[PDB]
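Data from input.pdb: PDB, N, CA and C atoms
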ATOM      1  N   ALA A   1     103.144 115.207 187.255
ATOM      2  CA  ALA A   1     104.161 115.976 186.554
ATOM      3  C   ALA A   1     105.145 115.184 185.691
ATOM      4  N   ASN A   2     106.134 114.457 186.223
ATOM      5  CA  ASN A   2     107.128 113.823 185.359
ATOM      6  C   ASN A   2     107.007 112.309 185.299
ATOM      7  N   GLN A   3     105.723 111.961 185.258
ATOM      8  CA  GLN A   3     105.231 110.596 185.267
ATOM      9  C   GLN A   3     105.450 110.013 183.872
ATOM     10  N   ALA A   4     106.252 108.989 183.631
ATOM     11  CA  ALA A   4     106.409 108.451 182.291
ATOM     12  C   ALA A   4     105.513 107.273 182.064
ATOM     13  N   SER A   5     104.931 107.277 180.879
ATOM     14  CA  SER A   5     104.052 106.221 180.434
ATOM     15  C   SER A   5     104.670 105.424 179.295
ATOM     16  N   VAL A   6     104.072 104.253 179.061
ATOM     17  CA  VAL A   6     104.449 103.368 177.966
ATOM     18  C   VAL A   6     103.804 103.929 176.678
ATOM     19  N   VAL A   7     104.648 104.169 175.671
ATOM     20  CA  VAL A   7     104.198 104.684 174.390
ATOM     21  C   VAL A   7     104.603 103.629 173.353
ATOM     22  N   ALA A   8     103.725 103.423 172.356
ATOM     23  CA  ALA A   8     103.927 102.489 171.273
ATOM     24  C   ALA A   8     105.040 102.939 170.355
ATOM     25  N   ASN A   9     106.110 102.170 170.377
ATOM     26  CA  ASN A   9     107.267 102.541 169.620
ATOM     27  C   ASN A   9     107.109 102.164 168.185
ATOM     28  N   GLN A  10     106.095 101.382 167.894
ATOM     29  CA  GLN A  10     105.769 100.966 166.549
ATOM     30  C   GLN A  10     104.279 100.664 166.570
ATOM     31  N   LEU A  11     103.651 100.336 165.453
ATOM     32  CA  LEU A  11     102.267  99.923 165.518
ATOM     33  C   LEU A  11     102.232  98.504 166.108
ATOM     34  N   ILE A  12     101.344  98.358 167.058
ATOM     35  CA  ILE A  12     101.152  97.074 167.665
ATOM     36  C   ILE A  12      99.859  96.540 167.038
ATOM     37  N   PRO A  13      99.966  95.469 166.243
ATOM     38  CA  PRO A  13      98.810  94.826 165.619
ATOM     39  C   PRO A  13      97.857  94.241 166.664
ATOM     40  N   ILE A  14      96.563  94.042 166.404
ATOM     41  CA  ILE A  14      95.648  93.387 167.327
ATOM     42  C   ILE A  14      96.067  91.949 167.648
ATOM     43  N   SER A  15      95.716  91.473 168.842
ATOM     44  CA  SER A  15      96.019  90.104 169.266
ATOM     45  C   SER A  15      97.480  89.670 169.110
ATOM     46  N   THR A  16      98.383  90.625 169.316
ATOM     47  CA  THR A  16      99.800  90.387 169.156
ATOM     48  C   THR A  16     100.395  90.613 170.522
ATOM     49  N   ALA A  17     101.268  89.689 170.899
ATOM     50  CA  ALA A  17     101.966  89.752 172.170
ATOM     51  C   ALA A  17     103.073  90.800 172.117
ATOM     52  N   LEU A  18     103.077  91.666 173.139
ATOM     53  CA  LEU A  18     104.040  92.750 173.338
ATOM     54  C   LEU A  18     105.445  92.221 173.577
ATOM     55  N   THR A  19     106.363  92.833 172.853
ATOM     56  CA  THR A  19     107.753  92.501 172.962
ATOM     57  C   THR A  19     108.420  93.817 173.348
ATOM     58  N   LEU A  20     109.617  93.747 173.938
ATOM     59  CA  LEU A  20     110.330  94.936 174.394
ATOM     60  C   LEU A  20     110.628  95.987 173.339
ATOM     61  N   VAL A  21     110.844  95.671 172.058
ATOM     62  CA  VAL A  21     111.070  96.692 171.011
ATOM     63  C   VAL A  21     109.797  97.447 170.623
ATOM     64  N   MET A  22     108.623  96.911 170.975
ATOM     65  CA  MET A  22     107.386  97.573 170.714
ATOM     66  C   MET A  22     107.115  98.730 171.669
ATOM     67  N   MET A  23     107.814  98.934 172.790
ATOM     68  CA  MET A  23     107.453 100.044 173.662
ATOM     69  C   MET A  23     108.542 100.883 174.307
ATOM     70  N   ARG A  24     108.340 102.188 174.158
ATOM     71  CA  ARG A  24     109.251 103.156 174.724
ATOM     72  C   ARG A  24     108.643 103.820 175.976
ATOM     73  N   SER A  25     109.409 104.671 176.661
ATOM     74  CA  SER A  25     108.976 105.338 177.868
ATOM     75  C   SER A  25     108.933 106.802 177.503
ATOM     76  N   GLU A  26     107.957 107.606 177.897
ATOM     77  CA  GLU A  26     107.874 109.012 177.497
ATOM     78  C   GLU A  26     106.984 109.708 178.513
ATOM     79  N   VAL A  27     107.183 110.992 178.816
ATOM     80  CA  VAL A  27     106.259 111.731 179.676
ATOM     81  C   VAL A  27     105.194 112.312 178.732
ATOM     82  N   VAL A  28     103.998 111.737 178.769
ATOM     83  CA  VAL A  28     102.886 112.158 177.942
ATOM     84  C   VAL A  28     101.715 112.531 178.826
ATOM     85  N   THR A  29     100.707 113.230 178.287
ATOM     86  CA  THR A  29      99.501 113.598 179.013
ATOM     87  C   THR A  29      98.304 113.269 178.116
ATOM     88  N   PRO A  30      97.230 112.559 178.530
ATOM     89  CA  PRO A  30      97.036 111.986 179.865
ATOM     90  C   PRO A  30      98.013 110.877 180.256
ATOM     91  N   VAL A  31      98.225 110.612 181.543
ATOM     92  CA  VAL A  31      99.185 109.585 181.916
ATOM     93  C   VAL A  31      98.543 108.218 181.646
ATOM     94  N   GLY A  32      99.330 107.241 181.222
ATOM     95  CA  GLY A  32      98.856 105.913 180.912
ATOM     96  C   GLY A  32      99.552 104.942 181.806
ATOM     97  N   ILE A  33      99.664 103.698 181.358
ATOM     98  CA  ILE A  33     100.340 102.637 182.105
ATOM     99  C   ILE A  33     101.747 103.089 182.511
ATOM    100  N   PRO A  34     102.184 103.096 183.792
ATOM    101  CA  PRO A  34     103.528 103.576 184.185
ATOM    102  C   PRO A  34     104.726 102.907 183.491
ATOM    103  N   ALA A  35     105.796 103.577 183.039
ATOM    104  CA  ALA A  35     106.878 102.907 182.348
ATOM    105  C   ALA A  35     107.550 101.765 183.103
ATOM    106  N   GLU A  36     107.477 101.793 184.439
ATOM    107  CA  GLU A  36     107.954 100.719 185.306
ATOM    108  C   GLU A  36     107.327  99.369 184.929
ATOM    109  N   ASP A  37     106.136  99.342 184.325
ATOM    110  CA  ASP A  37     105.502  98.085 184.034
ATOM    111  C   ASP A  37     105.847  97.464 182.729
ATOM    112  N   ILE A  38     106.832  97.990 181.987
ATOM    113  CA  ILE A  38     107.162  97.379 180.706
ATOM    114  C   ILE A  38     107.618  95.919 180.813
ATOM    115  N   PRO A  39     108.500  95.480 181.719
ATOM    116  CA  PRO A  39     108.820  94.061 181.886
ATOM    117  C   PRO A  39     107.631  93.122 182.037
ATOM    118  N   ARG A  40     106.686  93.695 182.738
ATOM    119  CA  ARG A  40     105.488  93.038 183.132
ATOM    120  C   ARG A  40     104.589  92.896 181.960
ATOM    121  N   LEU A  41     104.537  93.882 181.061
ATOM    122  CA  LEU A  41     103.716  93.822 179.834
ATOM    123  C   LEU A  41     104.213  92.870 178.744
ATOM    124  N   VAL A  42     105.517  92.559 178.720
ATOM    125  CA  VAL A  42     106.069  91.584 177.787
ATOM    126  C   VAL A  42     105.236  90.290 177.782
ATOM    127  N   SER A  43     104.669  90.051 176.601
ATOM    128  CA  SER A  43     103.819  88.955 176.195
ATOM    129  C   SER A  43     102.331  89.090 176.422
ATOM    130  N   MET A  44     101.873  90.172 177.062
ATOM    131  CA  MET A  44     100.433  90.338 177.204
ATOM    132  C   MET A  44      99.901  90.760 175.837
ATOM    133  N   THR A  45      98.658  90.523 175.504
ATOM    134  CA  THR A  45      98.168  91.024 174.250
ATOM    135  C   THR A  45      97.267  92.229 174.449
ATOM    136  N   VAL A  46      97.271  92.960 173.359
ATOM    137  CA  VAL A  46      96.536  94.185 173.189
ATOM    138  C   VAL A  46      95.176  93.823 172.568
ATOM    139  N   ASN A  47      94.095  94.532 172.858
ATOM    140  CA  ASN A  47      92.808  94.142 172.308
ATOM    141  C   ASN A  47      92.324  95.023 171.162
ATOM    142  N   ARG A  48      93.201  95.937 170.779
ATOM    143  CA  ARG A  48      92.958  96.839 169.678
ATOM    144  C   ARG A  48      94.314  97.125 169.039
ATOM    145  N   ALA A  49      94.348  97.590 167.807
ATOM    146  CA  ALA A  49      95.628  97.948 167.206
ATOM    147  C   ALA A  49      96.168  99.204 167.900
ATOM    148  N   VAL A  50      97.434  99.335 168.251
ATOM    149  CA  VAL A  50      97.858 100.573 168.894
ATOM    150  C   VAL A  50      98.837 101.257 167.920
ATOM    151  N   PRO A  51      98.438 102.375 167.285
ATOM    152  CA  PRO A  51      99.268 103.104 166.344
ATOM    153  C   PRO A  51     100.479 103.681 167.008
ATOM    154  N   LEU A  52     101.440 104.018 166.160
ATOM    155  CA  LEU A  52     102.692 104.592 166.608
ATOM    156  C   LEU A  52     102.499 105.904 167.380
ATOM    157  N   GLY A  53     103.065 105.982 168.577
ATOM    158  CA  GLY A  53     102.987 107.151 169.411
ATOM    159  C   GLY A  53     101.806 107.139 170.348
ATOM    160  N   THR A  54     100.913 106.147 170.318
ATOM    161  CA  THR A  54      99.774 106.064 171.227
ATOM    162  C   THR A  54     100.243 105.664 172.638
ATOM    163  N   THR A  55      99.728 106.256 173.724
ATOM    164  CA  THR A  55     100.081 105.864 175.092
ATOM    165  C   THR A  55      99.260 104.608 175.317
ATOM    166  N   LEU A  56      99.867 103.551 175.851
ATOM    167  CA  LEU A  56      99.124 102.356 176.184
ATOM    168  C   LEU A  56      98.410 102.637 177.505
ATOM    169  N   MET A  57      97.104 102.561 177.426
ATOM    170  CA  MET A  57      96.205 102.769 178.547
ATOM    171  C   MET A  57      95.841 101.399 179.139
ATOM    172  N   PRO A  58      95.526 101.258 180.428
ATOM    173  CA  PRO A  58      95.117 100.000 181.049
ATOM    174  C   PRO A  58      94.128  99.161 180.274
ATOM    175  N   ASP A  59      93.041  99.782 179.839
ATOM    176  CA  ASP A  59      91.994  99.123 179.069
ATOM    177  C   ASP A  59      92.354  98.516 177.715
ATOM    178  N   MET A  60      93.563  98.671 177.214
ATOM    179  CA  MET A  60      93.962  98.106 175.937
ATOM    180  C   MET A  60      94.672  96.778 176.121
ATOM    181  N   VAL A  61      95.162  96.412 177.302
ATOM    182  CA  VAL A  61      95.979  95.213 177.437
ATOM    183  C   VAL A  61      95.108  94.223 178.152
ATOM    184  N   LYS A  62      94.934  93.094 177.502
ATOM    185  CA  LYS A  62      94.157  92.041 178.105
ATOM    186  C   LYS A  62      94.961  91.456 179.258
ATOM    187  N   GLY A  63      94.332  91.250 180.416
ATOM    188  CA  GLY A  63      94.999  90.660 181.543
ATOM    189  C   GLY A  63      95.667  91.692 182.403
ATOM    190  N   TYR A  64      95.774  92.960 181.991
ATOM    191  CA  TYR A  64      96.438  93.986 182.814
ATOM    192  C   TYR A  64      95.598  94.321 184.021
ATOM    193  N   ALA A  65      96.056  93.988 185.193
ATOM    194  CA  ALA A  65      95.326  94.360 186.372
ATOM    195  C   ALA A  65      96.491  94.703 187.267
ATOM    196  N   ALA A  66      96.617  95.992 187.613
ATOM    197  CA  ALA A  66      97.624  96.517 188.538
ATOM    198  C   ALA A  66      96.828  97.149 189.694
TER     199      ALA A  66
END
Rewrite the coordinates I just gave you, this time as structure tokens.
Amino acid sequence: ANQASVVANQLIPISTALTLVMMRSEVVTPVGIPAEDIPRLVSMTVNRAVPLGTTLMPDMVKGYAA
């Protein structure tokens, strides 16, 4: 129900390390990576470009294993 996920606050280019201004928290469906993990995502890279408003799903962040 009120599960918030990490949403791309801007376009995240491929092979670019995540910084805190790149991601917001939002209740979206389907649910993606929990918003609690944003500190943890800082500096991991994405393996595809993530357009603005896309929910970051587990399979897009290299090294993400929760």
For atom CA of residue 27 of chain A and atom CA of residue 55 of chain A, the interatomic separation in Å (one decimal)
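One can read the atom CA of residue 27 of chain A to atom CA of residue 55 of chain A distance as 9.7 Å.
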In the coordinates of the file, take the point (100.9, 106.8, 175.3) and a cut-off of 5 Å; then, counting all atoms listed in the file, name each qualifying protein, DNA or RNA residue as a PyMOL selection string.
chain A and resi 6-7+54-56
Using only C-alpha atoms, determine which residues lie at most 6 Å from segment 41-48 of chain A, disregarding the query and same-chain residues fewer than 2 positions distant; provide the list as a ChimeraX atom specification.
/A:14-19,38-39,60-62
Run DSSP on the backbone and give me the residues of chain A it puts in strand (DSSP E or B), as an NGL selection string.
:A and (5-8 or 12 or 17 or 23-26 or 34 or 45-46 or 50 or 55 or 61)
To verify the selection step, state as a VMD selection string which residues the PyMOL selection byres ((chain A and resi 31) around 7) yields on this input.
chain A and resid 3 to 5 28 to 30 32 to 34 56 to 57
Could you turn the residues from that selection into a file that holds N, CA and C atoms, as a PDB file, keeping the file's coordinate frame?
ATOM      1  N   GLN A   3     105.723 111.961 185.258  1.00  0.00           N
ATOM      2  CA  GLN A   3     105.231 110.596 185.267  1.00  0.00           C
ATOM      3  C   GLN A   3     105.450 110.013 183.872  1.00  0.00           C
ATOM      4  N   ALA A   4     106.252 108.989 183.631  1.00  0.00           N
ATOM      5  CA  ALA A   4     106.409 108.451 182.291  1.00  0.00           C
ATOM      6  C   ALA A   4     105.513 107.273 182.064  1.00  0.00           C
ATOM      7  N   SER A   5     104.931 107.277 180.879  1.00  0.00           N
ATOM      8  CA  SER A   5     104.052 106.221 180.434  1.00  0.00           C
ATOM      9  C   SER A   5     104.670 105.424 179.295  1.00  0.00           C
ATOM     10  N   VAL A  28     103.998 111.737 178.769  1.00  0.00           N
ATOM     11  CA  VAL A  28     102.886 112.158 177.942  1.00  0.00           C
ATOM     12  C   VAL A  28     101.715 112.531 178.826  1.00  0.00           C
ATOM     13  N   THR A  29     100.707 113.230 178.287  1.00  0.00           N
ATOM     14  CA  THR A  29      99.501 113.598 179.013  1.00  0.00           C
ATOM     15  C   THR A  29      98.304 113.269 178.116  1.00  0.00           C
ATOM     16  N   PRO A  30      97.230 112.559 178.530  1.00  0.00           N
ATOM     17  CA  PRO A  30      97.036 111.986 179.865  1.00  0.00           C
ATOM     18  C   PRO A  30      98.013 110.877 180.256  1.00  0.00           C
ATOM     19  N   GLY A  32      99.330 107.241 181.222  1.00  0.00           N
ATOM     20  CA  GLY A  32      98.856 105.913 180.912  1.00  0.00           C
ATOM     21  C   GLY A  32      99.552 104.942 181.806  1.00  0.00           C
ATOM     22  N   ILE A  33      99.664 103.698 181.358  1.00  0.00           N
ATOM     23  CA  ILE A  33     100.340 102.637 182.105  1.00  0.00           C
ATOM     24  C   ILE A  33     101.747 103.089 182.511  1.00  0.00           C
ATOM     25  N   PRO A  34     102.184 103.096 183.792  1.00  0.00           N
ATOM     26  CA  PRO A  34     103.528 103.576 184.185  1.00  0.00           C
ATOM     27  C   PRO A  34     104.726 102.907 183.491  1.00  0.00           C
ATOM     28  N   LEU A  56      99.867 103.551 175.851  1.00  0.00           N
ATOM     29  CA  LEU A  56      99.124 102.356 176.184  1.00  0.00           C
ATOM     30  C   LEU A  56      98.410 102.637 177.505  1.00  0.00           C
ATOM     31  N   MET A  57      97.104 102.561 177.426  1.00  0.00           N
ATOM     32  CA  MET A  57      96.205 102.769 178.547  1.00  0.00           C
ATOM     33  C   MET A  57      95.841 101.399 179.139  1.00  0.00           C
TER      34      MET A  57
END
May I ask for the distance between atom C of residue 49 of chain A and atom CA of residue 2 of chain A, given in Å to one decimal place?
25.3 Å
Measure the distance from atom N of residue 25 of chain A to atom N of residue 40 of chain A in Å and round it to one decimal.
12.8 Å
